[PDB]
Ligand SMILES: [Mg+2]
Ligand SMILES: [Mg+2]
Ligand SMILES: [Mg+2]
Ligand SMILES: [Mg+2]
């Protein structure tokens, strides 16, 4: 994590009252999440051990260099600073979509910093900002194409654990049927649309008209988009079943996408493919 700017804070350990004061000062060069070029940032703040006593800075609109200047206290046992870290989270802020996380920072040696004083601005880097990592769900379907009239069966049964893209905690799933590399994107196929649910169940098929030899493309990449009326539809995840040596499960799933003219091609794949 680097393009994720830097944030300025100060911290003192008030004595007598045994509280740990913390001041969020400001941040520089935060990334530009929103499209207009800016970001509406704000930061969560909690004492790592107990991940449930958080604090929240006001949000600042359109600016990659917000000036917080907000102080929060944490009544804590003097010597308790031992087993205790400090977590900072900076998220973009949105009104309906899920809040993007820009970066976080961890203040390991909480003790030393007890140093001094209120005015002790001590910059730190905003980390975490590269590629994938976590989950997104995993969809299940069954491929089945017959050489006869040439019908590549792409029946989508269900999927589960889908990522919530709404703040409500849900998503309005549906899936797109497509291919890869060569293109053939001039031939897509969308499923139904199931409201508020992280484990849709379609039991719907996708009628295709492909040919024999043409099956050496090993191409058919599908994705789980989230139908949003407010903003525009976003892809929650994708799979591929194609020449993606990154997912053997699929390419094999392709080879065995014959032999037994239906069903078998079952055994869902992951969706941790953010395309
Ligand atoms: Mg935005
Ligand atoms: Mg916004
Ligand atoms: Mg957003
Ligand atoms: Mg929605």
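Residue numbering for chain A follows Swiss-Prot, covering 295-569 in order.
Placed from the backbone N, Cα and C atoms, the Cβ positions cover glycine too.
Now, the feature entries from Swiss-Prot:
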BINDING   328, 334, 386, 387, 388  Ca(2+) 1 binding site
BINDING   328, 386, 388, 394  Ca(2+) 2 binding site
BINDING   388, 391, 394  Ca(2+) 3 binding site
BINDING   460, 466, 520, 522  Ca(2+) 4 binding site
DOMAIN    297-418  domain 'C2 1'
DOMAIN    429-563  domain 'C2 2'
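Note: residue 391 (Ca(2+) 3 binding site) has non-local neighbours 459, 460, 461, 522, 525, 528, i.e. same-chain residues 6+ apart with C-beta under 8 A of its own C-beta.
Cα spacing between residue 386 (Ca(2+) 1 binding site) and residue 394 (Ca(2+) 2 binding site): 5 Å, rounded to the nearest whole number. The two recorded residues, residue 334 (Ca(2+) 1 binding site) and residue 394 (Ca(2+) 2 binding site), have Cα atoms 10 Å apart. With a cut-off of under 6 Å between the Cβ and any atom of ligand 4, the binding-site residues 328, 391, 460, 522 reduce to 460, 522. Secondary structure from DSSP puts residue 466 (Ca(2+) 4 binding site) in coil. In terms of DSSP secondary structure, the domain 'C2 2' (429-563) contains 12 helix, 39 strand, 84 coil.
By neighbour count, meaning other C-beta atoms within 10 Å, the densest spot among the binding-site residues 386, 388, 460, 466, 522 is 386.
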